[PDB]
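Scroll down for the structure; my scribbles are underneath it.
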Amino acid sequence: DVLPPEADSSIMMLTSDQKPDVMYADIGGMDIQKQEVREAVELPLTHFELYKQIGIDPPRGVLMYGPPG
Amino acid sequence: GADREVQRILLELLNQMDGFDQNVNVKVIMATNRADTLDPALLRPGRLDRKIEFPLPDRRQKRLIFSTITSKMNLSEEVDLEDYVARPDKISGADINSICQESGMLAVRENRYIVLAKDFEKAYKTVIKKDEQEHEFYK
Amino acid sequence: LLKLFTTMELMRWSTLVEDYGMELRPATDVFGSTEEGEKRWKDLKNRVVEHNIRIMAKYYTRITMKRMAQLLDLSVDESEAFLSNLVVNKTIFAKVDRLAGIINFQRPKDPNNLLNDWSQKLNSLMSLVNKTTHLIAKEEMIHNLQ
Amino acid sequence: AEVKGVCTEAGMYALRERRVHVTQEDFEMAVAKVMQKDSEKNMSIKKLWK
Amino acid sequence: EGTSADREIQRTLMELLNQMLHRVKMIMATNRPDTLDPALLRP
Amino acid sequence: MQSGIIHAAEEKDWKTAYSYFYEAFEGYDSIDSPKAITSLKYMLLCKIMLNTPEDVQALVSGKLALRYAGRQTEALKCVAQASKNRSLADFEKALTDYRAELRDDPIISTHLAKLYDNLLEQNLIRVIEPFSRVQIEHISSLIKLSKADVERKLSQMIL
Amino acid sequence: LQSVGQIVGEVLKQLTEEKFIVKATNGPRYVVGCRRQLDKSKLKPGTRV
């Protein structure tokens, strides 16, 4: 029997245990950054039809840079 | 040798992010404290098409952060967070959290669950940590 | 007193006060009547009421509000308020038909649960009869040897 | 790649207003956003070379 | 643009910085705060 | 002030809405312009809508928000106390008493009406949970409203 | 006399509730079953076995 692909990956995703306990609301302001990241990695995965109907490749990939803290 | 191995790691990352075998639904997020040193090829719209900046909090963001942190926290009626917010400094979110946290511990040691303006003023000084003794001829 | 509060039976507050009011007539708290901060007498009354609620919820399915009040030694409206507070706190489950005062502790009966209970009764019956036939086989299979 | 990013960002701006449009305003703003050149502003290091 | 060893040391710092979550308190000891990375000194 | 209004109306980001309203209030106070009491009212409204009425009195007793004291802040104080006590009757009493301030001003009247409806919904749920069959008269007596209004609200909720 | 040593390995993936992909260190990787008295929840990738 063939096992599921990438079994023995050696790289583990986030199980229910890790699941960082942080909200979108437990972050002061940062409306611009939240919107940009959400459009990058949340809206395409939640409502993809919205992007497709406009005819766009969702902006996969995003860099976050700034002074520490 | 070792720096070439690091360069090969970088090249493999570039090639996997955007190469011959195009990916789908593999959105990638990466964070760094210094965006200038990064390779110019791993900054190319198609691999990193956002380049979001996270500047130090402005006055308004300072106010929002202070509200969000001072929530879930008993607070004295005589406190004026407006003064701390307006006082122009370079305080970041982490050090704002530290201000609130050490004000809390100062109050605990002072045997009190409701922090006063003296307690904050102490915390604000101890977080600003204004460096001094700068050899004065530079000015 | 401790025996009554550990036994599974309703104890009327009127009888308990005509029995064990000696407290402060002895000990240092729950005063029969005293300074305000130590007239916890009302807290003890509430504890008696709560114990009665627990016993009734354990040993009833449909208790009329009139009977519940006259058994708990509180007005109908007072008992209604106490039961509503308990329900909101989630300590007790009880659905109150105030149109006819038909307080009911019967949780909604899923057909799955009803048939599962029936099947469990059947399984227990079959196991019991099997064990009884084994024991009776031994019984007759020894005595008839005599 | 920068041109493709320009198109993507113009589409993103259109999406921002739950729209299906694209216009010169959105395209120009997308160009400005995508080609964010980090220059030098002391003006002395800049004017060293006449 | 330090040397290869310097960049390796910076990478080791960077790993420590990121890994540095529950009931694991930490004490540092040093004779110099000048060299310390601003991020590593972050509150 | 306009940005605060938009944030309050659209995305329910009342924290940012209050931030912008406070910025507008500081600007108008510095100018000494009459259009600062409106910003103060909107800041208090944001504080109430944040489900933290306790801070409204603290903000009113502020360093800058004293020259404008009067009926304008008294109305918000009354609304805050009514919300904190969850008294729908007292809420409506304050609304009718300060109709001049709380009502006739759309940007605040609409939000206060929505808050009233939400509080009525929550109170109805709380008072109806400990039951399985109730008299609308009994519920109305418990909640301190009128039979017709409670009936219409219940019908809307059920629908 | 009546004891025998086991084989030390490390889980690699919690497959179907009974199947665990375990890599025997310095050896191959099997799919194995879990005996009765054990905490499947306790068993997580990287745990020794």
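Going by the order they are written in, the chains are A, B, C, D, E, F and G; count residues from 1 in each one.
Criterion: a contact is a pair of C-beta atoms (placed from the backbone, for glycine too) under 8 Å apart; a residue touches a chain by one contact, two chains touch by 3 or more.
Least step count on the touch graph, chain A to chain G: 1.
The greatest centre-to-centre distance from chain C, using averaged C-alpha positions, is reached by D. Chains A-B form the pair joined by the most contacting C-beta pairs. Once the centre of each chain is set as its mean CA position, chain B and chain G turn out to be 43 Å apart.
Chain centres here are Cα means. That of chain B falls 16 Å from that of chain E.
Averaged C-alpha coordinates put the centre of chain C at 73 Å from the centre of chain D. Residue positions 29, 59, 67-69 of chain A are each in touch with at least two other chains. Residue positions of chain E touching 2 or more other chains: 39, 42-43.
Of all the residues in chain B, the ones that touch chain D in their complex are 36, 44-46, 49, 51. Residues 60, 63-64, 67-68, 77, 80, 82 of chain B touch chain F in their complex. Against chain A, the residues of chain E that register as touching in their complex are 38-39, 42-43. For chain A in complex with chain D, the residues that touch the partner chain are 39, 50-51, 53-57, 59. If you check the complex, the residues on chain C that touch chain F are 83-84, 87-88, 95-99, 104.
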